[PDB]
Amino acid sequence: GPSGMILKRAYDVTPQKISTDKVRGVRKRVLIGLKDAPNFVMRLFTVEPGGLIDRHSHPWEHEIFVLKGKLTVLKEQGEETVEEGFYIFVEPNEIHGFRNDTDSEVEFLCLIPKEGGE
């Protein structure tokens, strides 16, 4: 593949609205996308106040790092809120979702193997 290094302010990427049957009040920035990533992609998600990523699962893992705010994590059984400075590992096929119960934006980094897209 190519050489070099990219160094960029994440906020220089516009936050794009995610709207699907199971996601509302969420925006995403693709930081290191399919066009460049050899193995895995880096996204920055913004959950607006009251935003929801419904419980779901997929046949790849998630690696998450919470950057800002209080993120409510939905589990197969119940939920738990974590804050900036927490990491999350979600196994392949594990049920998970997210909610923002606060009045400010919540941000988290989310990385997946590139076979799951960007």
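Start at 1 and count along the sequence shown; that's the residue number.
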**Asked** Between us, would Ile18 come up missing in a third or more of the other compared entries?
**Response** yes
Looking only at C-alpha temperature factors in the entry, 7-15 or 106-114, the higher average sits in 7-15
Higher avg CA temperature factor (67-75 vs 37-45, as deposited) belongs to 67-75
Sorting the chain's modelled residues by C-alpha B-factor and splitting them into thirds places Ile32 in the lowest
By the entry's values, the third containing the CA B factor of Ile88 is the lowest
